[PDB]
Amino acid sequence: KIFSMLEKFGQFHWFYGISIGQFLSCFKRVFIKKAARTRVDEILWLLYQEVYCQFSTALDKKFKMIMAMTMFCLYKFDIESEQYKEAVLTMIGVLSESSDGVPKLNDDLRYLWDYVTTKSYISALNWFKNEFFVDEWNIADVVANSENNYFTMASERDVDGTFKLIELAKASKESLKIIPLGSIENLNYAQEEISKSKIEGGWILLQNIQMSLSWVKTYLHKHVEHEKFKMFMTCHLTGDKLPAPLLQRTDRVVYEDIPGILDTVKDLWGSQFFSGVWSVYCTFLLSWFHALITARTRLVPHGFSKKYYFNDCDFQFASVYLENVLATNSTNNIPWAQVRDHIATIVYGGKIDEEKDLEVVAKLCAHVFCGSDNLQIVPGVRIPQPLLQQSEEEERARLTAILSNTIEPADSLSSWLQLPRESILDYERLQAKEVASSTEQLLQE
Amino acid sequence: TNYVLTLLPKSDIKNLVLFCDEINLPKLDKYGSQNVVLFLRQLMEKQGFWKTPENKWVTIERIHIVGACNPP
Amino acid sequence: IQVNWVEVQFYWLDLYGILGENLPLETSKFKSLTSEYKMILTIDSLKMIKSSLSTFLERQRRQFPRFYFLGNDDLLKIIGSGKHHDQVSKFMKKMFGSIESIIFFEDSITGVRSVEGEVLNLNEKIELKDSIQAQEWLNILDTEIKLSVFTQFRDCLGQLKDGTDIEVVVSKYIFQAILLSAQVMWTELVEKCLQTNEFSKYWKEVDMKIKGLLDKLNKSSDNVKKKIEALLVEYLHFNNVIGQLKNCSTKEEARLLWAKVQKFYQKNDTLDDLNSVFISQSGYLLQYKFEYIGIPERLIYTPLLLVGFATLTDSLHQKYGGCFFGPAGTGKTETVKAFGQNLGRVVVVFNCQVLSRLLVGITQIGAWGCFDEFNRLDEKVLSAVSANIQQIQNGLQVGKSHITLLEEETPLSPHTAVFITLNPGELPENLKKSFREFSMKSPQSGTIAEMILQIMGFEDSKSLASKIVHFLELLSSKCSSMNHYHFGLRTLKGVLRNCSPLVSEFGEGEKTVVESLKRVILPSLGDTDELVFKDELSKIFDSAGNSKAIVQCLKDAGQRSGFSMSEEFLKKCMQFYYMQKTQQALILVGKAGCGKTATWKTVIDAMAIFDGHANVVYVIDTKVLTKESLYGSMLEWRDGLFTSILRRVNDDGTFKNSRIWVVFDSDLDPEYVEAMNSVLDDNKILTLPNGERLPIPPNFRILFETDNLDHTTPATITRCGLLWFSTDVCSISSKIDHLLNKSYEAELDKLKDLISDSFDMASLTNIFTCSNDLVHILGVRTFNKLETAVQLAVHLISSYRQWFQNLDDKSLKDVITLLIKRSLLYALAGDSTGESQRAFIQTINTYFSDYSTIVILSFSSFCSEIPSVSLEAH
Ligand SMILES: Nc1ncnc2c1ncn2[C@@H]1O[C@H](COP(=O)(O)OP(=O)(O)OP(=O)(O)O)[C@@H](O)[C@H]1O
Ligand SMILES: Nc1ncnc2c1ncn2[C@@H]1O[C@H](COP(=O)(O)OP(=O)(O)O)[C@@H](O)[C@H]1O
């Protein structure tokens, strides 16, 4: 039954395929790893826990949740009674807006009822992962417990795992070799690097093979036991289809993004180094604006009209424009209206086509780039205007302090983004409805 | 037939009849059209045809067209 | 071996012109093979030598990079004319993009002609000699034309700083120099007004200026007309900018509006010519290349056009490539070309090996190269082209001076920028890592129409523009959206262009707009669409709608040709005549037997009777001749039939005074109309494979006659006029009458009187309606069956006419009725099963035998003449 469900997962998406040998090795891991008044139930429970802990990492968050709660549903179908099944199907139906009913009264079901009547779908749906499964593996546990050397860490857009990969490289005491792909000189450089590292050892990272699927098909399939040699083939979930025999011979790893907004500002500010006081203030304000618009990007059906990707090129363009505006101004009076129009129209509103998203971006720029004395970009923190009798270094210290002073509350997506809470509740309800509909489609067959 | 610019059948008494069996059998081109049936249409409607290697107009006078094709 | 000897002789003379008259292993092998051929296949060895001598050819091609755009054959043909100084200035438009020909006086270069023929006064003459190579004097001409443009810019700036009026300078110097002078004067005056808080004085000054330019436009003939309207577009732009700055409440809003629009500058401290003028848009700085571009049309300065110009300025400030994507018809490539022609560079448009060659040429010359329809490429060539453009771009940001492409050392220019436009219906990852995509919205057609009408001088501009754009929007909303229905900016510009020939006879006002809108939009609609169009034109326009001579000649020609003057036929003929009066490229759309060949033959005969002009008709079908038979292939050279008729109409005295009409009476294949893309537009030049440029007389009107438009690009629908036949132009009795007249032309009066009396319409309509409910194998209309019914009846009567003088009138009437019955049975329902034939007999008998006939004469039967054949076993 579990392999049938994983086969439907494999036929859903090109990156979600599963091999038979992978399943058999994962089942052997159950006996490698060393009670309900017996042994066979212990073996079955350890099978479920081990297959979760191994094949959770090859999915994104939504498929992780649906697979976890489907596995819990099958286990409780086998173990528990008929009224338990009726209660579980009642909650699945009321989560999918299909069948409404009351439980047929196990305090865990009581906490589940208290969670779902409070309209907290995310907690009521992470209840399965928090209760049934006790072990979770990150990327470090995957790379530390895999005999295979070729990894395919395919991360979706706006989510970058290269920083975590190089940080893990320091943690494993190894220097990574980042290789861009796309040009024939870089193709020959990558071929020479892998030819060196396949015999001399050393980790190596291959990135951005999306335009180089042709080279991948012509080389890697023909190319596919050395210590400290683990090559990574970073791909994209929304990109073109990777070759199936390459995917069958490589481990599958999916990365997940940071949920915070303050950490994005901290990362952008740390990545920014230099140039007057007003240039530093404009860079800080623009970093906050970029983090806010990237945070509002992910809320697809409510925050925006469709998915967009504001990469670092737009940040660089806006920073260069702010530098040119502040530099080519001998009066030291910042034209905030002109820079507001240019940011909302040309730099960040360039690829945006429809008018409502353009109005949203213009409203965000008016809220952020107004340049007032009392600038409350978020309710948490207050930003005062810079003075005139100082230098750059104390301003850098003050801005680092004002980042370190603030904290991110749990309602950041409703308070820091100027979005109504009912839209967030409807978004979470729609997500829960979609995942419950897909899991009942999986359960009915 | 013989050439005299008029195309003349060899028989000076009898009208030559051009048999065309299986008119549906020639294939359409890459852009949804046939060619030999258009040539026959030009031959029976404009009463002649244009020569390809000499770029000259040759008329027809007493050659008729018959067909024999299955329903499609 | 005559053809082989001709080929060897041609190879020998071409290689003589390449190297024999000029001054190691390849040359020695050539000299040995030439000596062997003179003493006596060596042509393959000569081709192998030319393949091996391509490296020297590539080096000579890269000596002067303008010659790189052309092909190998054209370049070697240019190089072979190294002493005659011929053919160099004829087909050089491919390397410059806007220069067609060069005039030379006393063996010296003194003038340059634009794409239309604008004569320019060069500052310095160029000496010419037989020892001077093509590349040296080509570089001299390039430097001379740039110097002439700069010194005319200096002269314009001096004469404008002297305080002289502009009506005396608009008629003697080039359009680029007065363009820059007007822009510089405008930005200086508005900046001096921005140092203070007044705008009314120079607003009134530029208002009187545009009034004077409008008067000069009304007094100008052709070239001055184009120049004055080109200047007047940006003069209205200056008036709009100053008026917008007038309504600004604060200083900050005025500064925003002034920084958003383009500003022009020059440096008075530097001394170089080509780098002394820079433009500033939203802070960034771009340098004016000072290149001549001819006199192309100016795009109407929409605010969204300025937004897009700011987008390209932002993209080019950091050496990124601008990218456009959006719905078709928003003017993206036109926006890129407007940016090029405003900043002063020619942009080589790519209609996207050869692409890589054009790419390396445009990145080695430093000019801009734009793209159109980027998504139609095949995957392999798309990947190769994308890799090439991304690697030259990565060379561009890195500051590299040379890049290695296709194993050659090609230098990288410090001014190369490449733009790509998209028509989704996308950009790959490698390109999106280094580009700046922008989404063009729907352009404001109201402002464009208002300004265009202000060039044309109509007394009502804003209300007329709003009315016409709302009317086009309502036609877009309230009509059946078929394939050929376009109601956007292209048709609006076509209507505003077609308003020009009617204003001299109809006068400026609303009625000319209504008449041209009718003559453009109405003949491309159906029947209910025609009713909706008429209702909307009556409702939204005040004008609800002297042609005695042309209608009388049309009626006379139709009556002598046997055709009937039905009201739909008359309407379609008048629409076709009024539509060929202005537009040259026309197509005919309609079902089989709709009356298209008849209507154009009728109007051509009426035109020959009325205007007295001779008419020569060349009927031709597209799909019955192949590609080589229509155009011509290089074996030597053979001329195709279309090129043959162009050759005998150009090279030929009667054809000059005669209107030669050609009709393409077949399906519109995409290949033939793509080969016709160079003549259906305003270029009017055949693009022969060998490079011959055959001229076309203005009376050479192209026609097309095609039933299905599913395999034709929408660009051809916009470029060429479309005539639609939604309904048949004939009554049925018209078909019988014309067929009877033609058959009589092909007791005779009594016979034709009885034939005409045998046809009565009241019962014929009912029997045709009843027969239309029958099943026809390979079903065709009864309108297409009378064609053989009438001919069969007339032939039977003409065959039996020999014994039609010794019988009574009742017997003759019985013979007439039997023969008409036989023809109607065999043609109207002569394609169905015998049971349905018996049903047809019963229906036609109850509305008025199966094998009844006349046997030589008596009413005998077929049963008395069948022979019982005697057959043997074998
Ligand atoms: N009063 C009439 N007006 C027009 N055509 C008439 C009239 N009476 C008879 N006809 C016949 O109708 C025919 C109409 O031909 P039409 O121009 O519609 O050709 P078509 O079937 O579209 O041709 P093609 O398929 O070759 O493009 C004429 O050739 C003529 O013989
Ligand atoms: N700002 C403008 N002012 C005047 N005309 C314009 C403007 N923008 C577009 N047009 C007109 O719109 C027409 C359609 O442009 P089109 O060729 O469809 O561009 P693309 O091929 O890039 O989509 C052009 O002929 C052009 O004359």
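Presented here is a report on the structure given in the accompanying data block. (Residues numbered from 1 in each chain as written, not as in the entry; some residues may be left out. Chains lettered and ligands numbered in written order. Part of a larger assembly, values for the part shown. Heavy atoms only, no water. Residues with missing side-chain atoms left out of burial classes, pairs and counts.)

This part is about the site of ligand 1. If you check the shell around ligand 1, you find 18 residues, and the closest are B:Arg41, C:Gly595, C:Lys596, C:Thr597 and C:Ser734. Positioned at a junction of chains, ligand 1 has nearby residues supplied by chains B and C. At 2.3 Å from an oxygen atom of ligand 1 is found a side-chain nitrogen or oxygen belonging to B:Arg41. A distance of 3.5 Å is found between a nitrogen atom of ligand 1 and a backbone nitrogen or oxygen belonging to C:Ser564. Of all elements in the fold, only α1 (36-45) of chain B together with α25 (596-611) and α31 (732-745) of chain C reach the threshold of two or more residues within the shell around ligand 1. Among the residues forming the shell around ligand 1, the class breakdown is five nonpolar, six polar and seven charged. (Near = heavy atom within 4 Å. Polar contact = N/O pair within 3.5 Å; in protein donor to acceptor, adjacent residues only side chain to side chain. Helix = DSSP H or I, 4+ residues; strand = E, 2+ residues; numbered from the N terminus. Nonpolar A, V, L, I, M, F, W, Y, C, P; charged D, E, K, R; others polar.)

Let's shift gears to the packing of helix α7 (residues 121-131) of chain A against helix α20 (residues 421-443) of chain A. All names here are of chain A. It is at 9 Å that the axes of α7 and α20 come closest, and there the two elements cross at 35°. Contacts from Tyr-121, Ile-122 and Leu-125 of α7 reach α20 at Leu-425, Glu-428, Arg-429, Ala-432 and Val-435. Taken together, the residues of the contact of α7 with α20 break down into six nonpolar, no polar and two charged. (Axes fitted to C-alpha atoms, helices over the stretch in contact; angles between N-to-C directions. Contact = heavy atoms within 4.5 Å.)

Taken together, the two pairs of chains in contact show their highest number of contacts between chains A and C. Between chain A and chain B there is no contact; the minimum C-alpha to C-alpha separation amounts to 30 Å.

Chain B puts 18 residues into the contact, and the matching count from chain C is 21 residues. Carbon and sulfur atoms supply 58% of the area buried between chain B and chain C, which totals about 1600 Å² over both sides. For the interface between chain B and chain C, the tally reads four salt bridges. The residue B:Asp29 makes a salt bridge to C:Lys623 at a minimum N-O spacing of 2.6 Å. No other element matches the five residues that α1(B) contributes to the side of chain B that touches chain C. (Buried area = accessible area lost by both parts, 1.4 Å probe. Salt bridge = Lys/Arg side-chain N within 4 Å of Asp/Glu carboxyl O.)

Residue and element names in this part refer to chain C. Of note, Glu-409 is situated in strand β11 (residues 408-411). The class for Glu-409 is exposed, based on a relative accessible area of 56%. For the pair formed by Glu-409 and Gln-397, sequence separation is 12 residues and the distance between their alpha carbons is 19 Å. (Buried < 20%, exposed > 50% of the residue type's maximum accessible area, 1.4 Å probe, protein only.)

Chain A puts 26 residues into the contact, and the matching count from chain C is 25 residues. Each partner contributes to the roughly 2300 Å² buried at the junction of chain A and chain C, and carbon and sulfur atoms together form 55% of this total. Area buried by chain A at its contact with chain C is led by A:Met211, A:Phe317 and A:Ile346, which between them contribute 27% of it. Where chain A packs against chain C, one counts one salt bridge. Two residues, C:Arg436 and A:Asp314, come together in a salt bridge whose shortest N-O distance is 2.4 Å. Counting every contact that joins chain A to chain C gives six residue pairs in polar contact.

Another point: the nonpolar core. Of all hydrophobic cores here, the largest spans 119 residues; its most connected members are C:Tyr235 and C:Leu245. If one sorts the elements of this core by residue count, helix α8 (residues 175-194) of chain C sits on top with 12 residues. With residues near it in sequence (within four places) discarded, C:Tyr235 still touches C:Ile166, C:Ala182, C:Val206, C:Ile210 and C:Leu213. Grouped together as the second largest cluster of nonpolar side chains are 55 residues, A:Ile293, A:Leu299, A:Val368 and A:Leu375 included. (Core = buried A, V, L, I, M, F, W, Y, C linked by side-chain atoms within 4.5 Å.)

Attention now moves to the sheet that holds strand β1 (residues 99-104) of chain C. Residues and elements named next belong to chain C. Taken together, the three strands give an open sheet; going across it, the order is β1-β2-β3, and neighbouring strands pair in antiparallel fashion. Only two strands of the sheet have a single partner each, and these edge strands are β1 and β3 (119-127). Strand-to-strand, the axes of this sheet are offset by a mean angle of 30°, without reference to chain direction. Two elements, β1 and strand β2 (residues 108-114), share five bridges in a ladder whose sense is antiparallel. The partner of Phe-104 across the bridge, within β2, is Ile-109. Packed onto the sheet, helix α7 (residues 134-161) meets β2 and β3 and runs at close to 130° relative to β3. (Pairing = 2+ DSSP bridges.)

Before going further, it helps to spend a moment on the side chain of A:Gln207. Residue and element names in this part refer to chain A. Its place among the elements puts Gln-207 in the loop between β3 (204-206) and α11 (213-223). Take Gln-207: its relative accessible area is 18%, and that puts it in the buried class. Discounting chain neighbours no more than four positions away, the residues touching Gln-207 are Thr-162, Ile-178, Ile-179, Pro-180, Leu-181 and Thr-234.

Residues and elements named next belong to chain C. Near ligand 2 lie 14 residues; those nearest to it are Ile-300, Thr-302, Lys-332, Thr-333 and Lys-493. Between ligand 2 and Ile-300 there is a distance of 3.1 Å, counted from a nitrogen atom to a backbone nitrogen or oxygen. For ligand 2, an oxygen atom lies 2.7 Å from a polar atom in the side chain of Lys-332. Within the complex, 88% of the 570 Å² of free accessible area of ligand 2 lies under protein. Counting only elements with at least two residues in the shell around ligand 2, the list comes to α13 (333-343) and α19 (489-498). Residue composition of the shell around ligand 2, by class: five nonpolar, four polar and five charged. (Areas by Shrake-Rupley, 256 points an atom, 1.4 Å probe, with all protein chains shown as cover.)

Moving on, we come to the sheet that holds strand β1 (residues 2-3) of chain B. Ordered in space as β1-β2-β5-β4 (chain B), the four strands form an open sheet in which the pairing is mixed. Edge positions in the sheet fall to β1 and β4 (48-50) of chain B, since each has one partner strand and no second.

Worth remembering: the numbers are spatial, not functional.
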